[PDB]
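Some notes on the structure that comes next.
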Amino acid sequence: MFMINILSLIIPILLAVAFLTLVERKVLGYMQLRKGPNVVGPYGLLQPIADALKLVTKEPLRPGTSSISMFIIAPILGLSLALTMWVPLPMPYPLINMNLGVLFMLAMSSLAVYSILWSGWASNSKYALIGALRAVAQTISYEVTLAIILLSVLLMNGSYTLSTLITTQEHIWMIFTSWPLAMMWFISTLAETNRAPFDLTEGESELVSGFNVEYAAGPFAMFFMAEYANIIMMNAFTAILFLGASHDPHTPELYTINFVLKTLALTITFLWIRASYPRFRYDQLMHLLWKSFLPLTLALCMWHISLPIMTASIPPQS
Amino acid sequence: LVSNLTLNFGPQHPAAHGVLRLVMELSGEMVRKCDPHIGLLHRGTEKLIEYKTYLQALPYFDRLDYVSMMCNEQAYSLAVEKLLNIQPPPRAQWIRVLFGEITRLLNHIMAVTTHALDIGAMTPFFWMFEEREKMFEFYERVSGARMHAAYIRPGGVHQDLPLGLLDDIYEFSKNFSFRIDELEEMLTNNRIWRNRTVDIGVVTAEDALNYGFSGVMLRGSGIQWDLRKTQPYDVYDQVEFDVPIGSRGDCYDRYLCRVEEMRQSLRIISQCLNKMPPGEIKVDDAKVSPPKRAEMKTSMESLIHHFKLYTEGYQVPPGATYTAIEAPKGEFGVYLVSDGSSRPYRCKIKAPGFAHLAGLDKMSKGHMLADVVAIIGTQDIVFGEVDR
Amino acid sequence: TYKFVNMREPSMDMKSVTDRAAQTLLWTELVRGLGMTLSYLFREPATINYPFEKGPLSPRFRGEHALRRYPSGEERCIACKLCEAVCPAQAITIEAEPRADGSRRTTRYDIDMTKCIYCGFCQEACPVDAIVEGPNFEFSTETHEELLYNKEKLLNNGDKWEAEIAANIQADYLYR
Amino acid sequence: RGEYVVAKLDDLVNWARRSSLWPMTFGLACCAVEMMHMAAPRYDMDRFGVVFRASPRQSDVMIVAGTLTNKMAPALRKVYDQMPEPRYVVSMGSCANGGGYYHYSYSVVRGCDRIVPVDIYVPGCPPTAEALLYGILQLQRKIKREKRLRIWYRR
Amino acid sequence: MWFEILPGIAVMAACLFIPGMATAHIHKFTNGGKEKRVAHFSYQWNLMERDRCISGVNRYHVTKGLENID
Amino acid sequence: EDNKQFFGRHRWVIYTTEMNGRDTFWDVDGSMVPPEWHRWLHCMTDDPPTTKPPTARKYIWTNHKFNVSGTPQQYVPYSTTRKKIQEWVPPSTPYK
Amino acid sequence: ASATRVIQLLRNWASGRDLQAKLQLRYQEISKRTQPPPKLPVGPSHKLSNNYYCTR
Ligand SMILES: CCCCCCCCCCCCCCCCCC(=O)OC[C@H](COP(=O)([O-])OCC[N+](C)(C)C)OC(=O)CCCCCCCCCCCCCCCCC
Ligand code: SF4
Ligand code: SF4
Ligand code: SF4
């Protein structure tokens, strides 16, 4: 039965990724006075299937200068991390219930930077390596703000347990208590998934596709699935962290509906950023992180350590 | 250990503005020199023109700056008419100015939206390419072709406007400023767009003059110079408009100049619509402009002149001219040599993009790799006229 | 006359500086951009349902070529070669001779449609409205050879499209 | 017999391959702007599943939109070789078709089909965005009638 | 127009709803119709281990009340 | 036609399912529109052939044909001129 | 032009301007695709006398 739980978690997530491709294309199209996929199936509903089928029957050109061991290990690591990021998530009850769930997510997402450091190195070409190094530096630099923002927010939670976030946000959203940290967290999440003006590793008009140039068909498809799973997962984490839904122990379907709707709204906002802004330069986003986000994050961590102590509002640790 | 990355490639790159090989060495992150390698769209246009009659050479100019077709053919027509010592009729001149400003709108839409798309703002491209499609419809309604009209000819224009065209041009123009507003609502004040354009590709006014720059690349640096005002052609002296002038000579100032030029193009188009005069649309001299088909099928002289103009062409008196117009991309000119026959002896085409791209190395000094994409976009470059 | 595009200095008082600080820290112009895209999402798209819906054209549109006839069925082309003389791309190849009935008619009339620039100079030069550019624009081919048109091909194009070619000509000949 | 299963599988794979025709932006000259007009909202090539793609490693069709010069032909053949299979080439415009206005030039290759095999020849100078869209749908119908698995079953 | 994006969003919503509902219902099924007991600390684990021992059926969730002894 | 739609969508054709011996339930294309309706469909005029029929000619095709490229009905070019140089044919009678 | 009042209000607010008066989609405001025949004027030298080509 637990195996069935794992399967009924993984497979719907991959399906949601597949149709997130369609949803993103349609949202971009309608923001651009066009339609997007509306021919292949009703309202493009069979388009993700067409993409998945075409990709797995397309020739996966592997580079002659590629260390194939890591060339295939990188997609495995990426997709395995992208899937395992959902196992502690408290759609009302988690698959895996840990004391340190958000710490587990921080660690697992920090292991995901290897899939770029290994793909760029394995692909050789002597230039995709530079794009991979830029991506890794961006990822590790925004890990700092992710970690510190999570630390400051959880000082109202009292623990690293994600189920406790539901209890913490019973009467009020955590957004009303930490909105500046919410904006910085949301932009950090944007930057970590290489999205929006932070998509420097796959700049369509900067370096064509960067670290993913040599990957084609199948491994490219799995990398794409990993990225979109990470996008939906990060938006789910954001919804649980800042927009906690009311929970009825006798009707958890209500919480699930609430959470899914809020996660979809945040994902649609992620696609909304993509259609509205130009692209940051690499040094420009590094400057943003290091000289704008980091000082405010340090100050707000200070503030959120001081605040529960000076108001006798320290949460329980149980 | 000096291993400055010599990435000497990028033609297939989507931001290469078509076909461009860039030879680049970087001192780490920043550009040390740019070496544009052009000729990937050199089709021998200037040699082919020597084998073409004067009428036969006109369609070659549609395909030089294939974003500003009617402006190129206007420049060529002005040169040939100057050599012929003939004058196009007033209605033809007003039509030429109106469609030159429509063409400037088309070119500026393409330039600004592709610049933004290269930077990473893809959305304004589609909104404005719908307006571009409508102006393509105007082109096709006047000439039968969406892009390469071949409509403006030495002597005037090919045929008159169809009934109801001015009404549709008025309907389009009365709504276009709202689209410029929406384009500015996404770019002008955006802290990311300005971060990618402010103080990027700064060129000194004197250094802009000495490098042969023209148009927005001049007025971006504050130089008060516009061919439509200083050296007016057609009926441009009878139309009122403003010349937007920059102050910092960077990509952002040039972008603002192009947007305000779109607004002033709308302003000119309004007067062209309101002041279109009656009359013929080609010079009433059948030894230069072909007669009406009805006269060709009825009158002996008209038939003879139709035959000769469409087989031999008109003879142009011997001489050479350099005539230039204020094209949407800068000063577009031609040095046209005539030996007295019906074919040009020599036709050198002056394209502003040639001199502008010659200055890419200078303007990219001490800038990152992502800034060169912006600097190419701000020099708006069509390699059909760079390479000819 | 001219105008300055970026010659405004920002005001430096309490209220303006606070306005700019709030714009910096609360991302208000980024919110304006989000609003513009959101407003475009709720606008009817300009897309047409091709091929069930078609882009609008005019009678002057220059598409596929055709050779025309008189109402008697006799060809209009009397092989003057004016179109071949004027053709900017030298896409027109013509051979002629007296026909068995004595008429001045072509025996070869080729248009290299891959040499053609579709300028319409041939139909301007023609004194009898024999060669025209028709309304057809959907004639892509799977091989290069089907785009090297024959006299038979062009006459079949004329017989195929004459019904609408003649209507277009009647619509626009008074401008010519 | 077992030829019905092979026919159904071929139909499935050829529906998936023509429903996701991802082309490569080879914009050489004036034909490039009519192709981004077919990209524009009025025609919206994305509604057919025809996306705006990137590096040839994820492209299924090459669109040669513009004049190919002698200086440029080796690069075009290089990127054609780098396309994974199945791959198709659409020649758009007179210049790419057979040289066009510049057919008799010293520096212009007379038709891209001297360099690459071409599947569809789209005529016009330039072809209208609707003409290019017609060529794209015609290419889609070419893919629909391929019989790769039925060829294999009778080998 | 924009409401034709809704089908893909509905498919996404169903695919995202499935995991949470499945987790809740599997937890109810395998824990005696009640919520899966949470043991973050050794005291809760010891509570569950005592529960398993006294149930007689080696299942912590079979709850013995005052009907068992008193 | 639906004149309350915007220009370019106010007119459309629902193609036939069968034309010239070819099934066209799923496989349609713009070349299937006959020239009489081609003018109205692309808004070159405001009048359909129902109200303003084309002029009848005895040489106009009575059966419109779509693009037959890729079919055995495709056009293949050939020289339409006759041979220029006539060779000398030797006598059939030997000299010896 | 088929958009409901509520959707029109939402998009007017989001864009910050009343976009219903300047719709980018054309409607019955365009000119008829069938027009009356023209009658174009003749040039200045369409004269029967006082028109020798050596003087022009
Ligand atoms: C009693 C109360 C005590 C505590 C008080 C706490 C402080 C309250 C006041 C602080 C307000 C500002 C908070 C931090 C804001 C960011 C800081 C920063 O550097 O900003 C400027 C920075 C840098 O701006 P800049 O570039 O103009 O300035 C840089 C520095 N100078 C001025 C010197 C040039 O900008 C950004 O961070 C831009 C982000 C880009 C992406 C935009 C995304 C738009 C969409 C957002 C949607 C909403 C997000 C959240 C969604 C929901 C999530 C749950
Ligand atoms: S349209 Fe122009 S290029 Fe084509 S055949 Fe006629 S004259 Fe020659
Ligand atoms: S088609 Fe017209 S111009 Fe050409 S040879 Fe025949 S009659 Fe002369
Ligand atoms: S075919 Fe015509 S429009 Fe296309 S690139 Fe060649 S000259 Fe330009």
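Identifiers for the structure tokens are assigned positionally: chains receive A, B, ... in sequence, residues are indexed from 1 per chain, and ligands are indexed from 1 in the order shown.
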Residues within 10 Å of ligand 2, counting only C-alpha atoms and all ligand atoms: report them as a short mmCIF file (atom, residue, chain, number, x, y, z; two decimals) with N, CA, C and O atoms, in the first residue's frame.
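Output (result_13.cif):
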data_model
loop_
_atom_site.label_atom_id
_atom_site.label_comp_id
_atom_site.auth_asym_id
_atom_site.auth_seq_id
_atom_site.Cartn_x
_atom_site.Cartn_y
_atom_site.Cartn_z
N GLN B 56 14.48 48.10 -64.35
CA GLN B 56 14.80 46.74 -63.92
C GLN B 56 15.60 46.70 -62.63
O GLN B 56 15.58 45.68 -61.93
N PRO B 59 13.54 47.02 -58.27
CA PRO B 59 13.22 46.00 -57.26
C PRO B 59 14.41 45.55 -56.43
O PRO B 59 14.21 44.95 -55.37
N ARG C 62 -0.24 39.93 -56.21
CA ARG C 62 0.60 39.30 -57.23
C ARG C 62 0.97 37.90 -56.76
O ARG C 62 1.83 37.73 -55.89
N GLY C 63 0.31 36.90 -57.33
CA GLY C 63 0.60 35.52 -57.01
C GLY C 63 1.08 34.72 -58.21
O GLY C 63 1.96 35.16 -58.95
N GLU C 64 0.49 33.54 -58.41
CA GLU C 64 0.92 32.64 -59.47
C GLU C 64 0.56 33.20 -60.84
O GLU C 64 -0.51 33.79 -61.03
N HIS C 65 1.45 32.99 -61.81
CA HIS C 65 1.26 33.54 -63.14
C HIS C 65 0.26 32.71 -63.94
O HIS C 65 -0.02 31.55 -63.63
N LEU C 82 7.83 41.59 -74.80
CA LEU C 82 8.04 42.72 -73.91
C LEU C 82 8.23 42.27 -72.47
O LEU C 82 9.08 42.82 -71.75
N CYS C 83 7.46 41.28 -72.03
CA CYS C 83 7.60 40.76 -70.67
C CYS C 83 8.98 40.14 -70.47
O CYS C 83 9.59 40.31 -69.41
N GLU C 84 9.47 39.41 -71.47
CA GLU C 84 10.79 38.82 -71.39
C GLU C 84 11.88 39.89 -71.37
O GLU C 84 12.89 39.74 -70.68
N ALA C 85 11.68 40.97 -72.13
CA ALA C 85 12.65 42.06 -72.14
C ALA C 85 12.70 42.76 -70.78
O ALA C 85 13.78 43.11 -70.29
N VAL C 86 11.54 42.99 -70.17
CA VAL C 86 11.49 43.78 -68.94
C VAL C 86 11.76 42.95 -67.69
O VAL C 86 12.05 43.53 -66.63
N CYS C 87 11.69 41.62 -67.78
CA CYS C 87 11.77 40.76 -66.61
C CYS C 87 13.06 41.01 -65.83
O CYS C 87 14.15 40.73 -66.35
N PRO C 88 12.98 41.54 -64.61
CA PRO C 88 14.22 41.86 -63.87
C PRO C 88 15.08 40.65 -63.58
O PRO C 88 16.31 40.78 -63.50
N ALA C 89 14.48 39.48 -63.40
CA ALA C 89 15.21 38.27 -63.06
C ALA C 89 15.54 37.41 -64.27
O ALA C 89 16.15 36.35 -64.10
N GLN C 90 15.15 37.84 -65.47
CA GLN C 90 15.26 37.03 -66.68
C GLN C 90 14.62 35.66 -66.47
O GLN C 90 15.15 34.62 -66.86
N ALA C 91 13.44 35.68 -65.85
CA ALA C 91 12.71 34.45 -65.55
C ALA C 91 11.85 33.97 -66.71
O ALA C 91 11.36 32.84 -66.66
N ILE C 92 11.68 34.78 -67.75
CA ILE C 92 10.78 34.48 -68.85
C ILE C 92 11.61 34.08 -70.06
O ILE C 92 12.49 34.84 -70.49
N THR C 93 11.33 32.90 -70.61
CA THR C 93 11.96 32.42 -71.82
C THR C 93 10.89 32.21 -72.88
O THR C 93 9.90 31.52 -72.64
N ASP C 110 8.23 29.92 -71.00
CA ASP C 110 8.64 29.38 -69.72
C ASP C 110 8.81 30.51 -68.72
O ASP C 110 9.31 31.59 -69.06
N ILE C 111 8.39 30.27 -67.48
CA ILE C 111 8.71 31.14 -66.35
C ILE C 111 9.37 30.28 -65.29
O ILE C 111 8.75 29.36 -64.75
N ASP C 112 10.64 30.58 -65.00
CA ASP C 112 11.33 29.97 -63.87
C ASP C 112 10.79 30.64 -62.61
O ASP C 112 11.20 31.75 -62.26
N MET C 113 9.86 29.97 -61.93
CA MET C 113 9.25 30.56 -60.74
C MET C 113 10.22 30.64 -59.57
O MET C 113 9.92 31.33 -58.59
N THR C 114 11.35 29.95 -59.63
CA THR C 114 12.41 30.07 -58.64
C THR C 114 13.42 31.15 -59.01
O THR C 114 14.24 31.53 -58.17
N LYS C 115 13.38 31.65 -60.25
CA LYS C 115 14.08 32.88 -60.61
C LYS C 115 13.20 34.10 -60.39
O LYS C 115 13.70 35.18 -60.10
N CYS C 116 11.88 33.91 -60.50
CA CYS C 116 10.93 35.01 -60.44
C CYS C 116 11.00 35.74 -59.11
O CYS C 116 11.18 35.13 -58.05
N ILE C 117 10.85 37.06 -59.16
CA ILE C 117 10.76 37.89 -57.96
C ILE C 117 9.34 38.39 -57.74
O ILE C 117 9.09 39.15 -56.79
N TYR C 118 8.40 38.00 -58.60
CA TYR C 118 6.98 38.28 -58.42
C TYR C 118 6.71 39.78 -58.34
O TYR C 118 5.85 40.23 -57.57
N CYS C 119 7.44 40.54 -59.15
CA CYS C 119 7.34 42.00 -59.19
C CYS C 119 6.15 42.49 -60.00
O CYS C 119 5.72 43.63 -59.82
N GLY C 120 5.61 41.67 -60.90
CA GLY C 120 4.51 42.08 -61.73
C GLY C 120 4.87 42.97 -62.90
O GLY C 120 3.97 43.55 -63.52
N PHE C 121 6.16 43.12 -63.21
CA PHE C 121 6.55 43.94 -64.34
C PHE C 121 6.08 43.35 -65.66
O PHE C 121 5.81 44.09 -66.61
N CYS C 122 5.99 42.02 -65.74
CA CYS C 122 5.57 41.36 -66.97
C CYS C 122 4.14 41.73 -67.34
O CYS C 122 3.84 42.00 -68.51
N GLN C 123 3.24 41.75 -66.35
CA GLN C 123 1.85 42.10 -66.64
C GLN C 123 1.67 43.59 -66.88
O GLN C 123 0.68 43.99 -67.49
N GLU C 124 2.60 44.42 -66.40
CA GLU C 124 2.59 45.83 -66.78
C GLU C 124 3.04 46.01 -68.23
O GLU C 124 2.43 46.77 -68.99
N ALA C 125 4.10 45.30 -68.62
CA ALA C 125 4.65 45.46 -69.97
C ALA C 125 3.70 44.93 -71.03
O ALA C 125 3.69 45.42 -72.16
N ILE C 131 -0.10 37.89 -70.13
CA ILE C 131 0.55 37.39 -68.92
C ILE C 131 0.08 38.22 -67.74
O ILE C 131 0.06 39.45 -67.79
N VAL C 132 -0.36 37.54 -66.68
CA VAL C 132 -0.81 38.18 -65.46
C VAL C 132 -0.22 37.43 -64.28
O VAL C 132 0.25 36.30 -64.41
N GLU C 133 -0.24 38.07 -63.12
CA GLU C 133 0.00 37.40 -61.85
C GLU C 133 -1.35 37.21 -61.18
O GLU C 133 -2.05 38.19 -60.89
N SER D 94 12.26 32.58 -53.60
CA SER D 94 12.93 32.32 -54.87
C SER D 94 14.43 32.14 -54.68
O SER D 94 15.04 31.28 -55.33
N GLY D 100 16.86 33.00 -57.56
CA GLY D 100 15.99 34.16 -57.56
C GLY D 100 16.55 35.36 -58.31
O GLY D 100 17.07 35.25 -59.42
N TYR D 101 16.41 36.53 -57.68
CA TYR D 101 16.92 37.77 -58.25
C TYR D 101 18.42 37.72 -58.46
O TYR D 101 18.95 38.38 -59.36
N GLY D 124 7.61 32.37 -54.14
CA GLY D 124 7.29 33.74 -53.79
C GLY D 124 8.54 34.53 -53.48
O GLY D 124 9.59 33.95 -53.17
N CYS D 125 8.46 35.86 -53.55
CA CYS D 125 9.60 36.73 -53.26
C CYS D 125 9.12 37.99 -52.55
O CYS D 125 9.00 39.06 -53.16
#
> Counting only C-alpha atoms, what is within 10 Å of residue 24 in chain G, bar same-chain residues fewer than 3 positions away, as a PyMOL selection string?
Replying inline: (chain A and resi 33) or (chain B and resi 127+130-131+134+172+175-176+178-179) or (chain C and resi 43-46) or (chain F and resi 6) or (chain G and resi 19-21+27)
>> With only C-alpha atoms considered, list every residue of chain B at most 7 Å from chain D, as JSON, numbers by chain.
In response: {"B": [12, 14, 18, 19, 39, 40, 41, 42, 43, 44, 63, 66, 126, 129, 130, 384]}
Quick one: write out the picked residues with N, CA and C atoms as a short mmCIF file (atom, residue, chain, number, x, y, z; two decimals), in the first residue's frame?
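Output file again-v5.cif is given in full below:
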data_model
loop_
_atom_site.label_atom_id
_atom_site.label_comp_id
_atom_site.auth_asym_id
_atom_site.auth_seq_id
_atom_site.Cartn_x
_atom_site.Cartn_y
_atom_site.Cartn_z
N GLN B 12 24.40 31.17 -36.71
CA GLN B 12 23.12 30.50 -36.51
C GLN B 12 22.39 31.00 -35.27
N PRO B 14 20.12 32.90 -32.79
CA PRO B 14 18.90 33.66 -33.09
C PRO B 14 19.04 35.16 -32.90
N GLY B 18 19.93 37.79 -38.14
CA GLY B 18 20.04 37.17 -39.44
C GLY B 18 21.32 36.38 -39.60
N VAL B 19 22.27 36.93 -40.36
CA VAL B 19 23.53 36.24 -40.62
C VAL B 19 24.70 37.13 -40.21
N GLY B 39 29.38 39.67 -45.25
CA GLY B 39 29.44 39.04 -46.55
C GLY B 39 28.64 37.77 -46.67
N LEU B 40 28.09 37.28 -45.57
CA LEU B 40 27.24 36.09 -45.59
C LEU B 40 25.93 36.33 -46.33
N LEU B 41 25.59 37.59 -46.60
CA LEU B 41 24.46 37.93 -47.47
C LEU B 41 24.89 38.92 -48.55
N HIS B 42 26.11 38.79 -49.05
CA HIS B 42 26.55 39.59 -50.19
C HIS B 42 26.14 38.86 -51.47
N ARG B 43 25.21 39.45 -52.21
CA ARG B 43 24.65 38.82 -53.40
C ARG B 43 25.08 39.50 -54.69
N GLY B 44 26.07 40.39 -54.63
CA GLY B 44 26.50 41.10 -55.82
C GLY B 44 25.44 42.00 -56.40
N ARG B 63 15.00 44.91 -51.54
CA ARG B 63 15.64 43.80 -50.87
C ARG B 63 16.98 44.17 -50.26
N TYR B 66 15.30 45.21 -46.11
CA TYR B 66 14.02 44.54 -46.32
C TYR B 66 13.09 44.73 -45.13
N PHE B 126 4.98 40.50 -30.50
CA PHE B 126 3.75 40.03 -31.13
C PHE B 126 2.72 41.15 -31.24
N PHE B 129 3.79 43.30 -34.01
CA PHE B 129 3.78 42.64 -35.31
C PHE B 129 2.37 42.48 -35.85
N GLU B 130 1.35 42.53 -35.00
CA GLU B 130 -0.01 42.65 -35.53
C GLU B 130 -0.20 43.97 -36.30
N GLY B 384 21.05 42.66 -45.39
CA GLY B 384 20.78 42.87 -46.81
C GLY B 384 21.37 44.17 -47.32
#
>> Need to verify the contact set: residue 156 in chain C, 12 Å, only C-alpha atoms, exclusion of same-chain residues closer than 3 positions in sequence. Can you return it as JSON, numbers by chain?
In response: {"C": [64, 65, 66, 67, 68, 69, 75, 149, 150, 151, 152, 153, 159, 160, 161, 162], "F": [59, 60, 61, 64, 65, 75]}
Just write the chosen residues, C-alpha atoms, as a PDB file, in the first residue's frame.
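Below you can see again.pdb, which holds the result:
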ATOM      1  CA  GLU C  64       0.925  32.643 -59.468  1.00  0.00           C
ATOM      2  CA  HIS C  65       1.260  33.539 -63.140  1.00  0.00           C
ATOM      3  CA  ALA C  66      -1.226  32.668 -65.872  1.00  0.00           C
ATOM      4  CA  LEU C  67      -1.660  33.097 -69.618  1.00  0.00           C
ATOM      5  CA  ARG C  68      -5.048  34.447 -70.678  1.00  0.00           C
ATOM      6  CA  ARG C  69      -7.343  34.180 -73.686  1.00  0.00           C
ATOM      7  CA  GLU C  75      -4.682  33.255 -76.833  1.00  0.00           C
ATOM      8  CA  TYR C 149       6.598  26.466 -65.613  1.00  0.00           C
ATOM      9  CA  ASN C 150       5.744  25.576 -69.211  1.00  0.00           C
ATOM     10  CA  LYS C 151       3.490  27.196 -71.770  1.00  0.00           C
ATOM     11  CA  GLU C 152       1.032  24.342 -71.176  1.00  0.00           C
ATOM     12  CA  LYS C 153       1.313  24.845 -67.407  1.00  0.00           C
ATOM     13  CA  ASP C 159      -7.982  28.304 -67.702  1.00  0.00           C
ATOM     14  CA  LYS C 160      -8.025  27.325 -64.014  1.00  0.00           C
ATOM     15  CA  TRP C 161      -8.087  30.834 -62.545  1.00  0.00           C
ATOM     16  CA  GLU C 162      -9.589  32.991 -65.320  1.00  0.00           C
TER      17      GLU C 162
ATOM     18  CA  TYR F  59     -12.312  27.276 -71.718  1.00  0.00           C
ATOM     19  CA  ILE F  60     -12.549  27.790 -67.939  1.00  0.00           C
ATOM     20  CA  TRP F  61     -12.107  24.608 -65.903  1.00  0.00           C
ATOM     21  CA  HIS F  64     -11.283  22.900 -59.778  1.00  0.00           C
ATOM     22  CA  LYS F  65      -8.173  20.914 -58.846  1.00  0.00           C
ATOM     23  CA  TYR F  75       3.327  18.746 -63.232  1.00  0.00           C
TER      24      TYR F  75
END
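Around range 11-14 of chain G, within 8 Å and counting only C-alpha atoms, the residues found are residues 32, 35, 36, 38, 39, 40, 42 and 43 of chain C; 7, 8, 9, 16, 17, 18, 19 and 20 of chain G, once anything fewer than 2 positions away on its own chain is removed.
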Residues of the last selection are to be written out with C-alpha atoms, as a PDB file, in the first residue's frame.
ATOM      1  CA  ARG C  32       2.511  47.687 -13.938  1.00  0.00           C
ATOM      2  CA  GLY C  35      -0.882  44.348 -15.186  1.00  0.00           C
ATOM      3  CA  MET C  36      -0.273  45.037 -18.870  1.00  0.00           C
ATOM      4  CA  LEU C  38      -2.749  40.409 -17.519  1.00  0.00           C
ATOM      5  CA  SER C  39      -4.835  42.898 -19.510  1.00  0.00           C
ATOM      6  CA  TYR C  40      -3.590  41.352 -22.749  1.00  0.00           C
ATOM      7  CA  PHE C  42      -8.197  38.951 -21.436  1.00  0.00           C
ATOM      8  CA  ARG C  43      -8.224  40.371 -24.981  1.00  0.00           C
TER       9      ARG C  43
ATOM     10  CA  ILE G   7     -13.949  41.351 -18.380  1.00  0.00           C
ATOM     11  CA  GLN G   8     -13.772  44.747 -20.088  1.00  0.00           C
ATOM     12  CA  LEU G   9     -13.512  46.407 -16.673  1.00  0.00           C
ATOM     13  CA  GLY G  16      -4.802  51.362 -16.737  1.00  0.00           C
ATOM     14  CA  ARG G  17      -6.666  52.715 -19.771  1.00  0.00           C
ATOM     15  CA  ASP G  18     -10.007  52.269 -21.540  1.00  0.00           C
ATOM     16  CA  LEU G  19      -8.881  49.928 -24.309  1.00  0.00           C
ATOM     17  CA  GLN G  20     -12.396  49.403 -25.721  1.00  0.00           C
TER      18      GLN G  20
END
> Contacts of range 23-40 of chain F at 9 Å or less, counting only C-alpha atoms, minus same-chain residues fewer than 3 places along, as a count of residues only?
Replying inline: 46
>> Residues of chain B within 6 Å of chain C, counting only C-alpha atoms - could you list those as number ranges by chain?
In response: B: 56, 141, 144, 186, 242-246, 293, 310-311
> Given a cut-off of 8 Å, what residues near ligand 1 show up using only C-alpha atoms and all ligand atoms, put as JSON, numbers by chain?
Replying inline: {"A": [175, 179, 180, 181, 182, 183, 184, 185, 186, 187, 197, 238, 239, 241, 242, 243, 266, 269, 273, 288, 291, 292, 293, 296, 300, 303], "B": [191, 192, 195], "C": [22, 23, 24, 25, 26, 27, 30, 31, 34]}
> Between CA of residue 106 in chain C and CA of residue 93 in chain D, what is the spacing in Å?
Replying inline: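 These atoms are spaced 28.4 Å apart.
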> Counting only C-alpha atoms, which of F:91, F:79, F:41, F:69 gets nearest to residue 139 in chain D?
Replying inline: F:69
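All residues in range 13-57 of chain D with a DSSP state of strand (DSSP E), computed from the backbone, read residues 23, 24, 25, 26 and 27 of chain D.
The two atoms in question, CA of residue 60 in chain A and CA of residue 73 in chain A, are spaced 15.4 Å apart.
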>> With only C-alpha atoms as the counted atoms, please give the residues lying no more than 10 Å from residue 14 in chain E, apart from itself and same-chain residues fewer than 3 positions off, as JSON, numbers by chain.
In response: {"A": [12, 15, 16, 257, 260], "E": [8, 9, 10, 11, 17, 18, 19]}
>> Can you tell me which residues surround residue 105 in chain C at a distance of at most 7 Å, considering only C-alpha atoms, apart from same-chain residues fewer than 6 positions away, and format the answer as a PyMOL selection string?
In response: chain C and resi 77-79+96-99
> Given the choices G:56, G:28, G:49, G:10, which gets closest to chain C if the distance is worked out from only C-alpha atoms?
Replying inline: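 Answer, going by the shortest atom-to-atom distance: G:10.
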> Would you give me, as a ChimeraX atom specification, the residues in chain C that DSSP reads as helix (DSSP H, G or I)?
Replying inline: /C:14-26,28-41,82-86,121-125,145-147,151-175
>> Only residues of chain E matter here; which ones have an atom within 10 Å of chain C, counting only C-alpha atoms? Give them as a PyMOL selection string.
In response: chain E and resi 1-3
Would you output that residue set with N, CA, C and O atoms, as a tab-separated table (two decimals), in the first residue's frame?
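The result, written out as result21.tsv:
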chain	number	residue	atom	x	y	z
E	1	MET	N	-11.97	32.78	-25.31
E	1	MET	CA	-10.56	32.98	-25.62
E	1	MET	C	-9.67	32.50	-24.48
E	1	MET	O	-9.14	31.40	-24.53
E	2	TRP	N	-9.52	33.34	-23.45
E	2	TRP	CA	-8.66	32.99	-22.33
E	2	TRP	C	-9.21	31.79	-21.56
E	2	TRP	O	-8.45	31.08	-20.88
E	3	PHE	N	-10.52	31.54	-21.63
E	3	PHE	CA	-11.08	30.43	-20.88
E	3	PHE	C	-10.81	29.08	-21.52
E	3	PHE	O	-11.11	28.05	-20.91
> Suppose you want the space between CA of residue 190 in chain A and CA of residue 23 in chain D; what is it in Å?
Replying inline: 28.5 Å
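Using only C-alpha atoms, the shortest contact distance between chain F and any of D:140, D:97, D:58, D:20 is found at D:140.
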>> Taking only C-alpha atoms into account, name the residue in A:55, A:153, A:265, A:106 that is nearest to chain E.
In response: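 Among A:55, A:153, A:265, A:106, it is A:265 that comes nearest to chain E.
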